[PDB]
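Take the position in the sequence shown, starting the count at 1, then add 41; the result is the number in the entry's author numbering. We treat Cβ as the ideally placed atom computed from N, Cα and C, and that holds for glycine. Here's the structure we're looking at; comments come further down.
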Amino acid sequence: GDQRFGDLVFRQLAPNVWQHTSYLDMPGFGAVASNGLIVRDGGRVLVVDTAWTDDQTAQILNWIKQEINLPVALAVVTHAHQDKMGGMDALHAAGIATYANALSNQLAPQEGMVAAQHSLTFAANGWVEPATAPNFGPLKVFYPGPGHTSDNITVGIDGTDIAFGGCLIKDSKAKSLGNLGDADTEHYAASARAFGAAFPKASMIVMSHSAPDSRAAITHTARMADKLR
Ligand SMILES: COC(=O)[C@H](CS)NC(=O)OCc1ccccc1
Ligand SMILES: [Zn+2]
Ligand SMILES: [Zn+2]
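Structural data, given as structure tokens:
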């Protein structure tokens, strides 16, 4: 079940995988949840996405200390919006190595974000260039194409049935795609489908603004995105 820890929520998804959830009271939109991931890989911990704020992200690290008690080797953040990168300074203060799409790091200052320390680059087929993602262990990083944003990336967890779509994917009962302010409306559907095709064995889809779902999250998201064209 859910574990309330301060103002955040943690949920175990698999033996070595937990979802972190944090909230930002956005005026005119209510208190918006955003999810990321925590993965134990042997004697270290890997984080996918910050919380909305530095303080919340420090709380993620506090939860990790109390519930796992192993060092956080790295974090990867999945685009340059506040829900994914708002807590970068907290990661740096903690001495954690940070990674983002090169384009996310380029965009970070104008989006009001602090850039990650390291830039990921991607092959033409979307897979991360391995040299730019050293020591990522089971994290398999994939750029599906522009969709939710131009820079959005996705992460599969090798050895599990989990893939993380970030803010690209919404669940199978969602009425909308969420924040389309920086979206590529022409390419969104194809990018959602490319995410699915990159992680064909993933039966649990995790995403930023819905609870974990089946692969129907991918098909429904793509079908909704068809309407943008
Ligand atoms: C500061 O906002 C954010 O970081 C995220 C980035 S994806 N935006 C968000 O969650 O917007 C909430 C929203 C806005 C319009 C329509 C649906 C949801
Ligand atoms: Zn976003
Ligand atoms: Zn988001």
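Item to complete: Kindly examine ligand 2 and report whether one of its heavy atoms sits closer than 7 angstroms to the Cβ of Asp90.
Response: False, no ligand heavy atom lies under 7 angstroms from that Cβ.
Query raised in the report: Mind checking whether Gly206 and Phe177 have CB atoms under 8 angstroms apart?
Result: no
(request) Return yes when the C-beta of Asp124 is under 7 angstroms from any heavy atom of ligand 3, and no when it is not. (result) yes
Q. For the candidate residues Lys214, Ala141, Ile137 and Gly77, whose alpha-carbon lies nearest to that of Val50?
A. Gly77
Next item on the list: Compare the beta carbon distance of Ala252 and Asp223 with 8 angstroms and say whether it is the shorter of the two.
Entry: No, these two residues do not count as a Cβ contact at 8 angstroms.
> Taking all protein chains shown into account, do 16 or more other C-beta atoms lie within 10 angstroms of the C-beta of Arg270, making it buried, or fewer, making it exposed?
Replying inline: exposed
Given the structure, does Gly206 come close to ligand 1, in the sense that its CB is under 7 angstroms from one of the ligand's heavy atoms?
no
Given this structure, state the Cα-to-Cα distance separating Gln100 from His250, to the nearest angstrom. 20 angstroms
What are the start and end residues of the alpha helix (DSSP H) that includes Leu148? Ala143 to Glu152
* Asked: Thinking C-beta only, is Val86 closer than 8 angstroms to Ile79?
  -> yes
**Study point:** With 16 other Cβ atoms within 10 Å as the buried cut-off, status of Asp267
**Key:** exposed
Exercise. Between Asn57 and ligand 1, is the CB less than 7 angstroms from at least one heavy atom?
Worked result: no
- [ ] Could you tell me whether the Cβ atoms of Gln97 and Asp48 are closer together than 8 angstroms?
- [x] If you check the CB distance, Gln97 and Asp48 come in under 8 angstroms.
Let me make sure I understand the geometry here. Which of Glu152, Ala114 and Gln147 has the alpha-carbon closest to that of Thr139? Of the candidates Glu152, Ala114 and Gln147, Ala114 places its Cα closest to the Cα of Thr139.
Practice item. Determine the closest residue to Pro185 out of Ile109, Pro171, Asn142 and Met154, with distance taken between C-alpha atoms. Key: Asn142
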